[PDB]
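Structure first, commentary second.
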Amino acid sequence: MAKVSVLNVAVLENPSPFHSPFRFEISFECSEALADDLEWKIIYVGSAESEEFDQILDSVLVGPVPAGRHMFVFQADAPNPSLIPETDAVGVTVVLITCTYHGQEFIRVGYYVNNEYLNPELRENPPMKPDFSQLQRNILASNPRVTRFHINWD
Amino acid sequence: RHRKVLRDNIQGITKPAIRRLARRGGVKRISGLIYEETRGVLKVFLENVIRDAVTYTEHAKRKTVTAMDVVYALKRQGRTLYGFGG
Amino acid sequence: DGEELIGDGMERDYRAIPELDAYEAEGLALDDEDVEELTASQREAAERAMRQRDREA
Amino acid sequence: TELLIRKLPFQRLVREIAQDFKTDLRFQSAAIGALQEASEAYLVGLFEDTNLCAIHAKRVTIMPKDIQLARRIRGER
């Protein structure tokens, strides 16, 4: 069975401006020691239409991994607005934290993200070209989706 | 005048199934576009699982897909939870 | 601009239709033919075949 | 009533799809049942996400976009 399970993800500094970093406090249990690296990544879904609009904001390595319960802080810069299809910029999208071992993704933690104007005028009459300096990002942290995949450890 | 013999028409999943599924999931209202979308999604899911299942069946050198082959394929699909362990 | 799921009238979606609600025999293995399970040598072979396919794919 | 997808159309769909991968296949009835149970579970889960998704977009009407997001959140690609 799985050698690593996620205990918690704390979503910090949320809601926040669109342009502010994502900040996650990741806590996990390792039941059997891993000599090789866990690779963690944060992926922004730029568009529901296609995976081609995914942005990998950042990637971090953790290893070797002792048995026990552990925590680290994973921060990543906000996505590049220019690469987001304009119709999908405002409103709901998804951000993902994934973990990979020996090149196989064994866990995917997703959150819904609402990008909203707080300015009533903008809310009412949003510009054709979104103003990202006016968008607030609200990560829906009370509703994580944790998907596990069986992988071959060793 | 002129009586017609009927032909079996079961093809794919009709709309009420999709409404039933959506209601199970707490959905109160759907666009008409939901219908085709749901079919598409189901078709992909089934296409993947079945593929893997048949492969298991091919490795057993039998022409019959068993329950276990399916169980294994579903294990390959990934399991989604609504919160964190611990 | 959608369709209301509730649903005065929604009862129509829940009718029992035994003709449609039962599996038929066609395409099914009944009751005796090779059901023999995968073992290991065949199993892990399959999982490797599929993992490598999902590499190539 | 606990009806979701009707059994017979589901069986016919499975056989139609299986036709492409290998021919003259047979299924245990239990195999079709397991497939159906997982299919219904998967679709119902997608719909739950879809409802949440629409709830935070201030919509009462769920859209194909919602379903697509629910799939991405589970790692279909």
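Ligands are numbered from 1 in the order shown, chains are lettered A, B, ... in the order of the structure tokens, and residues start at 1 in each chain.
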With a cut-off of 10 Å and counting only C-alpha atoms, select all residues of chain A in contact with chain D and give the selection as a PyMOL selection string. chain A and resi 45+47-51+88+90-98+105+107-116+138+140+143-149
Give me a file of those residues, with C-alpha atoms, as a compact mmCIF listing (two decimals), in the first residue's frame.
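Result written to selection_25.txt:
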# COMPACT_ATOMS: atom_id res chain seq x y z
CA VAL A 45 -5.91 25.39 -14.30
CA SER A 47 -9.03 26.92 -18.51
CA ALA A 48 -11.69 24.22 -18.09
CA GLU A 49 -11.57 23.97 -21.87
CA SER A 50 -8.12 22.37 -22.08
CA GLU A 51 -5.13 21.09 -20.07
CA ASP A 88 -12.23 31.92 -18.12
CA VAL A 90 -13.03 35.69 -13.84
CA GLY A 91 -15.17 33.16 -11.95
CA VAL A 92 -14.49 29.61 -10.83
CA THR A 93 -11.40 27.54 -11.71
CA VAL A 94 -9.21 24.88 -10.02
CA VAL A 95 -5.77 24.81 -8.40
CA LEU A 96 -3.96 21.53 -7.77
CA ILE A 97 -1.23 20.24 -5.45
CA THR A 98 0.18 16.94 -6.68
CA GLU A 105 1.66 10.80 -9.34
CA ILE A 107 -1.88 12.04 -4.89
CA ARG A 108 -3.79 15.06 -6.20
CA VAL A 109 -5.35 17.64 -3.84
CA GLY A 110 -7.64 20.01 -5.71
CA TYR A 111 -9.36 23.22 -4.64
CA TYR A 112 -12.00 25.30 -6.39
CA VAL A 113 -10.94 28.93 -6.71
CA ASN A 114 -13.30 31.87 -7.21
CA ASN A 115 -11.78 34.93 -8.85
CA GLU A 116 -14.08 37.87 -8.12
CA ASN A 138 -10.84 33.05 -2.93
CA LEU A 140 -12.44 27.28 -1.31
CA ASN A 143 -13.85 21.66 0.26
CA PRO A 144 -10.63 19.94 -0.79
CA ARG A 145 -10.81 17.01 -3.19
CA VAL A 146 -8.16 14.41 -2.38
CA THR A 147 -7.63 11.80 -5.08
CA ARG A 148 -5.30 8.84 -4.52
CA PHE A 149 -3.71 6.69 -7.22
Could you list, as a PyMOL selection string, the residues of chain B having an atom within 10 Å of chain A when counting only C-alpha atoms? chain B and resi 75-86
Those residues with N, CA, C and O atoms, as a PDB file, in the first residue's frame please?
ATOM      1  N   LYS B  75      -9.330   0.074  -9.517  1.00  0.00           N
ATOM      2  CA  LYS B  75      -8.227   0.440  -8.633  1.00  0.00           C
ATOM      3  C   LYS B  75      -7.234   1.339  -9.353  1.00  0.00           C
ATOM      4  O   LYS B  75      -6.682   2.269  -8.757  1.00  0.00           O
ATOM      5  N   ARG B  76      -7.010   1.059 -10.637  1.00  0.00           N
ATOM      6  CA  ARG B  76      -6.151   1.920 -11.449  1.00  0.00           C
ATOM      7  C   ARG B  76      -6.745   3.319 -11.661  1.00  0.00           C
ATOM      8  O   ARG B  76      -6.004   4.282 -11.843  1.00  0.00           O
ATOM      9  N   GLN B  77      -8.070   3.438 -11.655  1.00  0.00           N
ATOM     10  CA  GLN B  77      -8.711   4.747 -11.919  1.00  0.00           C
ATOM     11  C   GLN B  77      -8.446   5.897 -10.930  1.00  0.00           C
ATOM     12  O   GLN B  77      -8.476   7.071 -11.300  1.00  0.00           O
ATOM     13  N   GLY B  78      -8.214   5.563  -9.672  1.00  0.00           N
ATOM     14  CA  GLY B  78      -7.998   6.572  -8.654  1.00  0.00           C
ATOM     15  C   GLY B  78      -9.244   6.851  -7.837  1.00  0.00           C
ATOM     16  O   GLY B  78     -10.358   6.901  -8.361  1.00  0.00           O
ATOM     17  N   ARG B  79      -9.030   7.095  -6.551  1.00  0.00           N
ATOM     18  CA  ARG B  79     -10.104   7.150  -5.575  1.00  0.00           C
ATOM     19  C   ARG B  79     -10.144   8.550  -4.995  1.00  0.00           C
ATOM     20  O   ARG B  79      -9.131   9.073  -4.526  1.00  0.00           O
ATOM     21  N   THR B  80     -11.314   9.163  -5.031  1.00  0.00           N
ATOM     22  CA  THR B  80     -11.445  10.561  -4.628  1.00  0.00           C
ATOM     23  C   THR B  80     -12.142  10.681  -3.275  1.00  0.00           C
ATOM     24  O   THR B  80     -13.215  10.111  -3.067  1.00  0.00           O
ATOM     25  N   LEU B  81     -11.530  11.429  -2.365  1.00  0.00           N
ATOM     26  CA  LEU B  81     -12.115  11.674  -1.048  1.00  0.00           C
ATOM     27  C   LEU B  81     -12.380  13.166  -0.828  1.00  0.00           C
ATOM     28  O   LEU B  81     -11.756  14.028  -1.460  1.00  0.00           O
ATOM     29  N   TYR B  82     -13.306  13.453   0.079  1.00  0.00           N
ATOM     30  CA  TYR B  82     -13.756  14.818   0.348  1.00  0.00           C
ATOM     31  C   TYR B  82     -13.029  15.515   1.515  1.00  0.00           C
ATOM     32  O   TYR B  82     -13.448  16.566   1.992  1.00  0.00           O
ATOM     33  N   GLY B  83     -11.970  14.897   2.012  1.00  0.00           N
ATOM     34  CA  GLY B  83     -11.200  15.494   3.080  1.00  0.00           C
ATOM     35  C   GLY B  83      -9.886  14.765   3.230  1.00  0.00           C
ATOM     36  O   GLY B  83      -9.558  13.882   2.437  1.00  0.00           O
ATOM     37  N   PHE B  84      -9.124  15.139   4.248  1.00  0.00           N
ATOM     38  CA  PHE B  84      -7.811  14.562   4.446  1.00  0.00           C
ATOM     39  C   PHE B  84      -7.859  13.411   5.481  1.00  0.00           C
ATOM     40  O   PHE B  84      -8.675  13.426   6.401  1.00  0.00           O
ATOM     41  N   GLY B  85      -7.030  12.389   5.298  1.00  0.00           N
ATOM     42  CA  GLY B  85      -6.838  11.415   6.353  1.00  0.00           C
ATOM     43  C   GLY B  85      -6.216  12.208   7.486  1.00  0.00           C
ATOM     44  O   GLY B  85      -5.610  13.248   7.231  1.00  0.00           O
ATOM     45  N   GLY B  86      -6.375  11.751   8.726  1.00  0.00           N
ATOM     46  CA  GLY B  86      -5.766  12.434   9.853  1.00  0.00           C
ATOM     47  C   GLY B  86      -6.031  13.925   9.956  1.00  0.00           C
ATOM     48  O   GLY B  86      -6.591  14.392  10.950  1.00  0.00           O
TER      49      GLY B  86
END
Chain B residues within 9 Å of chain C, counting only C-alpha atoms: which ones, as a PDB file with N, CA and C atoms, in the first residue's frame?
ATOM      1  N   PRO B  16     -33.645  10.857 -18.859  1.00  0.00           N
ATOM      2  CA  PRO B  16     -34.049  10.694 -17.455  1.00  0.00           C
ATOM      3  C   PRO B  16     -32.921  10.130 -16.573  1.00  0.00           C
ATOM      4  N   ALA B  17     -32.097   9.207 -17.078  1.00  0.00           N
ATOM      5  CA  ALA B  17     -30.959   8.701 -16.289  1.00  0.00           C
ATOM      6  C   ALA B  17     -30.056   9.834 -15.845  1.00  0.00           C
ATOM      7  N   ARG B  19     -30.868  13.007 -15.522  1.00  0.00           N
ATOM      8  CA  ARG B  19     -31.548  13.788 -14.490  1.00  0.00           C
ATOM      9  C   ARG B  19     -31.456  13.101 -13.119  1.00  0.00           C
ATOM     10  N   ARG B  20     -31.607  11.783 -13.113  1.00  0.00           N
ATOM     11  CA  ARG B  20     -31.579  10.993 -11.892  1.00  0.00           C
ATOM     12  C   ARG B  20     -30.225  11.111 -11.211  1.00  0.00           C
ATOM     13  N   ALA B  22     -28.054  13.507 -11.691  1.00  0.00           N
ATOM     14  CA  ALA B  22     -27.808  14.888 -11.273  1.00  0.00           C
ATOM     15  C   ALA B  22     -28.531  15.185  -9.957  1.00  0.00           C
ATOM     16  N   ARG B  23     -29.767  14.704  -9.840  1.00  0.00           N
ATOM     17  CA  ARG B  23     -30.534  14.830  -8.597  1.00  0.00           C
ATOM     18  C   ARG B  23     -29.874  14.133  -7.408  1.00  0.00           C
ATOM     19  N   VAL B  27     -27.927  18.370  -7.465  1.00  0.00           N
ATOM     20  CA  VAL B  27     -28.155  19.380  -8.504  1.00  0.00           C
ATOM     21  C   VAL B  27     -29.651  19.722  -8.624  1.00  0.00           C
ATOM     22  N   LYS B  28     -30.011  21.000  -8.538  1.00  0.00           N
ATOM     23  CA  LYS B  28     -31.407  21.397  -8.770  1.00  0.00           C
ATOM     24  C   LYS B  28     -31.748  21.916 -10.180  1.00  0.00           C
ATOM     25  N   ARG B  29     -30.736  22.272 -10.965  1.00  0.00           N
ATOM     26  CA  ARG B  29     -31.000  22.790 -12.305  1.00  0.00           C
ATOM     27  C   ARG B  29     -29.837  22.549 -13.273  1.00  0.00           C
ATOM     28  N   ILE B  30     -30.153  22.189 -14.513  1.00  0.00           N
ATOM     29  CA  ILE B  30     -29.120  21.867 -15.503  1.00  0.00           C
ATOM     30  C   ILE B  30     -29.366  22.531 -16.866  1.00  0.00           C
ATOM     31  N   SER B  31     -28.287  22.933 -17.544  1.00  0.00           N
ATOM     32  CA  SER B  31     -28.378  23.386 -18.929  1.00  0.00           C
ATOM     33  C   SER B  31     -28.680  22.177 -19.818  1.00  0.00           C
ATOM     34  N   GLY B  32     -29.253  22.410 -21.002  1.00  0.00           N
ATOM     35  CA  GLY B  32     -29.586  21.308 -21.903  1.00  0.00           C
ATOM     36  C   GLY B  32     -28.302  20.656 -22.386  1.00  0.00           C
ATOM     37  N   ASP B  52      -8.521  -1.358 -19.757  1.00  0.00           N
ATOM     38  CA  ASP B  52      -7.603  -1.980 -18.817  1.00  0.00           C
ATOM     39  C   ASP B  52      -8.104  -3.375 -18.459  1.00  0.00           C
ATOM     40  N   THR B  55      -7.422  -5.883 -21.008  1.00  0.00           N
ATOM     41  CA  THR B  55      -6.009  -6.224 -21.004  1.00  0.00           C
ATOM     42  C   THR B  55      -5.745  -7.320 -19.957  1.00  0.00           C
ATOM     43  N   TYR B  56      -6.337  -7.172 -18.770  1.00  0.00           N
ATOM     44  CA  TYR B  56      -6.217  -8.198 -17.738  1.00  0.00           C
ATOM     45  C   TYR B  56      -6.725  -9.512 -18.313  1.00  0.00           C
ATOM     46  N   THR B  57      -7.904  -9.446 -18.929  1.00  0.00           N
ATOM     47  CA  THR B  57      -8.532 -10.616 -19.528  1.00  0.00           C
ATOM     48  C   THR B  57      -7.622 -11.245 -20.595  1.00  0.00           C
ATOM     49  N   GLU B  58      -6.875 -10.409 -21.320  1.00  0.00           N
ATOM     50  CA  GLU B  58      -6.002 -10.915 -22.376  1.00  0.00           C
ATOM     51  C   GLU B  58      -4.827 -11.666 -21.764  1.00  0.00           C
ATOM     52  N   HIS B  59      -4.402 -11.217 -20.587  1.00  0.00           N
ATOM     53  CA  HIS B  59      -3.253 -11.820 -19.923  1.00  0.00           C
ATOM     54  C   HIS B  59      -3.601 -13.145 -19.243  1.00  0.00           C
ATOM     55  N   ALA B  60      -4.892 -13.391 -19.033  1.00  0.00           N
ATOM     56  CA  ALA B  60      -5.346 -14.660 -18.465  1.00  0.00           C
ATOM     57  C   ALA B  60      -5.629 -15.695 -19.554  1.00  0.00           C
ATOM     58  N   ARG B  62      -8.134 -15.864 -21.542  1.00  0.00           N
ATOM     59  CA  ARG B  62      -9.552 -16.202 -21.630  1.00  0.00           C
ATOM     60  C   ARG B  62     -10.345 -15.091 -22.326  1.00  0.00           C
ATOM     61  N   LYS B  63     -11.518 -15.438 -22.845  1.00  0.00           N
ATOM     62  CA  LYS B  63     -12.326 -14.491 -23.595  1.00  0.00           C
ATOM     63  C   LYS B  63     -13.392 -13.857 -22.707  1.00  0.00           C
ATOM     64  N   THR B  64     -13.392 -14.226 -21.429  1.00  0.00           N
ATOM     65  CA  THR B  64     -14.426 -13.750 -20.514  1.00  0.00           C
ATOM     66  C   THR B  64     -13.886 -12.752 -19.491  1.00  0.00           C
ATOM     67  N   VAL B  65     -14.486 -11.563 -19.453  1.00  0.00           N
ATOM     68  CA  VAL B  65     -14.116 -10.541 -18.477  1.00  0.00           C
ATOM     69  C   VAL B  65     -14.769 -10.854 -17.137  1.00  0.00           C
ATOM     70  N   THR B  66     -13.962 -11.035 -16.099  1.00  0.00           N
ATOM     71  CA  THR B  66     -14.529 -11.324 -14.791  1.00  0.00           C
ATOM     72  C   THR B  66     -14.688 -10.048 -13.962  1.00  0.00           C
ATOM     73  N   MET B  68     -13.275  -9.471 -11.073  1.00  0.00           N
ATOM     74  CA  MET B  68     -11.953  -9.099 -10.572  1.00  0.00           C
ATOM     75  C   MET B  68     -11.139  -8.235 -11.538  1.00  0.00           C
ATOM     76  N   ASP B  69     -11.213  -8.545 -12.829  1.00  0.00           N
ATOM     77  CA  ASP B  69     -10.515  -7.746 -13.831  1.00  0.00           C
ATOM     78  C   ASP B  69     -10.986  -6.296 -13.729  1.00  0.00           C
TER      79      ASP B  69
END
Suppose you want the space between atom CA of residue D:12 and atom CA of residue C:24; what is it in Å?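 Interatomic distance, atom CA of residue D:12 to atom CA of residue C:24: 9.2 Å.
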Compute the chain C side of the contact with chain A at 12 Å, counting only C-alpha atoms, and hand it back as JSON, numbers by chain. {"C": [44, 47, 48, 51, 52, 54, 55]}
Those residues with N, CA, C and O atoms, as a PDB file, in the first residue's frame please?
ATOM      1  N   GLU C  44       0.993  -8.651 -12.767  1.00  0.00           N
ATOM      2  CA  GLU C  44       2.055  -7.651 -12.809  1.00  0.00           C
ATOM      3  C   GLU C  44       2.547  -7.420 -14.238  1.00  0.00           C
ATOM      4  O   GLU C  44       2.950  -6.308 -14.590  1.00  0.00           O
ATOM      5  N   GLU C  47      -0.073  -5.008 -15.589  1.00  0.00           N
ATOM      6  CA  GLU C  47       0.143  -3.675 -15.032  1.00  0.00           C
ATOM      7  C   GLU C  47       1.375  -2.994 -15.630  1.00  0.00           C
ATOM      8  O   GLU C  47       1.392  -1.771 -15.810  1.00  0.00           O
ATOM      9  N   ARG C  48       2.395  -3.784 -15.951  1.00  0.00           N
ATOM     10  CA  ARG C  48       3.562  -3.246 -16.639  1.00  0.00           C
ATOM     11  C   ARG C  48       3.207  -2.855 -18.070  1.00  0.00           C
ATOM     12  O   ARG C  48       3.609  -1.792 -18.543  1.00  0.00           O
ATOM     13  N   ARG C  51       1.200   0.343 -17.820  1.00  0.00           N
ATOM     14  CA  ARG C  51       2.008   1.474 -17.366  1.00  0.00           C
ATOM     15  C   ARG C  51       2.909   1.969 -18.503  1.00  0.00           C
ATOM     16  O   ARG C  51       3.043   3.175 -18.730  1.00  0.00           O
ATOM     17  N   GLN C  52       3.498   1.027 -19.236  1.00  0.00           N
ATOM     18  CA  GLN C  52       4.360   1.354 -20.368  1.00  0.00           C
ATOM     19  C   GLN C  52       3.562   1.948 -21.526  1.00  0.00           C
ATOM     20  O   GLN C  52       4.050   2.825 -22.244  1.00  0.00           O
ATOM     21  N   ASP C  54       0.869   3.747 -21.036  1.00  0.00           N
ATOM     22  CA  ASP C  54       0.554   5.082 -20.534  1.00  0.00           C
ATOM     23  C   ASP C  54       1.785   5.978 -20.510  1.00  0.00           C
ATOM     24  O   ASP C  54       1.679   7.192 -20.329  1.00  0.00           O
ATOM     25  N   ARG C  55       2.954   5.369 -20.681  1.00  0.00           N
ATOM     26  CA  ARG C  55       4.163   6.122 -20.979  1.00  0.00           C
ATOM     27  C   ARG C  55       4.105   6.536 -22.446  1.00  0.00           C
ATOM     28  O   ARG C  55       4.074   7.727 -22.767  1.00  0.00           O
TER      29      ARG C  55
END
Going by DSSP on the backbone, which residues of chain C come out as alpha helix (DSSP H)? List them as a list in words. residues 18, 19, 20, 21, 41, 42, 43, 44, 45, 46, 47, 48, 49, 50, 51, 52, 53, 54, 55 and 56 of chain C
Neighbour list for residue C:16 as a PyMOL selection string, cut-off 12 Å, only C-alpha atoms, skip fewer than 4 positions in-chain: (chain C and resi 11-12+20-22) or (chain D and resi 1-7)
Dump of N, CA, C and O atoms for the selected residues, as a PDB file, in the first residue's frame:
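For reference, selection.pdb as written:
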ATOM      1  N   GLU C  11     -41.627  12.547 -10.908  1.00  0.00           N
ATOM      2  CA  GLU C  11     -41.939  11.146 -10.653  1.00  0.00           C
ATOM      3  C   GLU C  11     -41.791  10.287 -11.900  1.00  0.00           C
ATOM      4  O   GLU C  11     -41.359   9.135 -11.809  1.00  0.00           O
ATOM      5  N   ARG C  12     -42.126  10.866 -13.055  1.00  0.00           N
ATOM      6  CA  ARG C  12     -42.014  10.191 -14.346  1.00  0.00           C
ATOM      7  C   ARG C  12     -40.630   9.585 -14.588  1.00  0.00           C
ATOM      8  O   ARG C  12     -40.512   8.602 -15.317  1.00  0.00           O
ATOM      9  N   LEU C  20     -36.231  -3.012 -19.134  1.00  0.00           N
ATOM     10  CA  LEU C  20     -34.994  -2.238 -19.214  1.00  0.00           C
ATOM     11  C   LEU C  20     -34.157  -2.355 -17.955  1.00  0.00           C
ATOM     12  O   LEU C  20     -32.972  -1.996 -17.943  1.00  0.00           O
ATOM     13  N   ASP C  21     -34.772  -2.862 -16.896  1.00  0.00           N
ATOM     14  CA  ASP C  21     -34.132  -2.871 -15.586  1.00  0.00           C
ATOM     15  C   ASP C  21     -33.420  -4.199 -15.266  1.00  0.00           C
ATOM     16  O   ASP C  21     -32.911  -4.370 -14.169  1.00  0.00           O
ATOM     17  N   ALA C  22     -33.395  -5.134 -16.219  1.00  0.00           N
ATOM     18  CA  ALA C  22     -32.728  -6.443 -16.022  1.00  0.00           C
ATOM     19  C   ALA C  22     -31.604  -6.619 -17.038  1.00  0.00           C
ATOM     20  O   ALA C  22     -31.747  -6.214 -18.200  1.00  0.00           O
TER      21      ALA C  22
ATOM     22  N   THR D   1     -37.496   5.798  -5.439  1.00  0.00           N
ATOM     23  CA  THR D   1     -36.780   4.778  -6.203  1.00  0.00           C
ATOM     24  C   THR D   1     -35.275   5.108  -6.332  1.00  0.00           C
ATOM     25  O   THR D   1     -34.894   6.271  -6.533  1.00  0.00           O
ATOM     26  N   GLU D   2     -34.438   4.074  -6.186  1.00  0.00           N
ATOM     27  CA  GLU D   2     -32.972   4.200  -6.206  1.00  0.00           C
ATOM     28  C   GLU D   2     -32.354   4.059  -7.607  1.00  0.00           C
ATOM     29  O   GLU D   2     -31.135   3.931  -7.746  1.00  0.00           O
ATOM     30  N   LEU D   3     -33.207   4.033  -8.627  1.00  0.00           N
ATOM     31  CA  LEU D   3     -32.780   3.906 -10.014  1.00  0.00           C
ATOM     32  C   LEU D   3     -31.858   5.044 -10.447  1.00  0.00           C
ATOM     33  O   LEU D   3     -32.163   6.226 -10.221  1.00  0.00           O
ATOM     34  N   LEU D   4     -30.727   4.702 -11.061  1.00  0.00           N
ATOM     35  CA  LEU D   4     -29.896   5.738 -11.660  1.00  0.00           C
ATOM     36  C   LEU D   4     -29.815   5.528 -13.170  1.00  0.00           C
ATOM     37  O   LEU D   4     -30.628   6.071 -13.918  1.00  0.00           O
ATOM     38  N   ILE D   5     -28.917   4.657 -13.615  1.00  0.00           N
ATOM     39  CA  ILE D   5     -28.906   4.274 -15.020  1.00  0.00           C
ATOM     40  C   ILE D   5     -29.615   2.942 -15.140  1.00  0.00           C
ATOM     41  O   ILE D   5     -29.388   2.043 -14.319  1.00  0.00           O
ATOM     42  N   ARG D   6     -30.459   2.786 -16.152  1.00  0.00           N
ATOM     43  CA  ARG D   6     -31.140   1.500 -16.332  1.00  0.00           C
ATOM     44  C   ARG D   6     -30.170   0.397 -16.755  1.00  0.00           C
ATOM     45  O   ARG D   6     -29.293   0.598 -17.599  1.00  0.00           O
ATOM     46  N   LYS D   7     -30.333  -0.771 -16.147  1.00  0.00           N
ATOM     47  CA  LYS D   7     -29.408  -1.880 -16.358  1.00  0.00           C
ATOM     48  C   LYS D   7     -29.156  -2.258 -17.830  1.00  0.00           C
ATOM     49  O   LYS D   7     -28.013  -2.286 -18.276  1.00  0.00           O
TER      50      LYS D   7
END
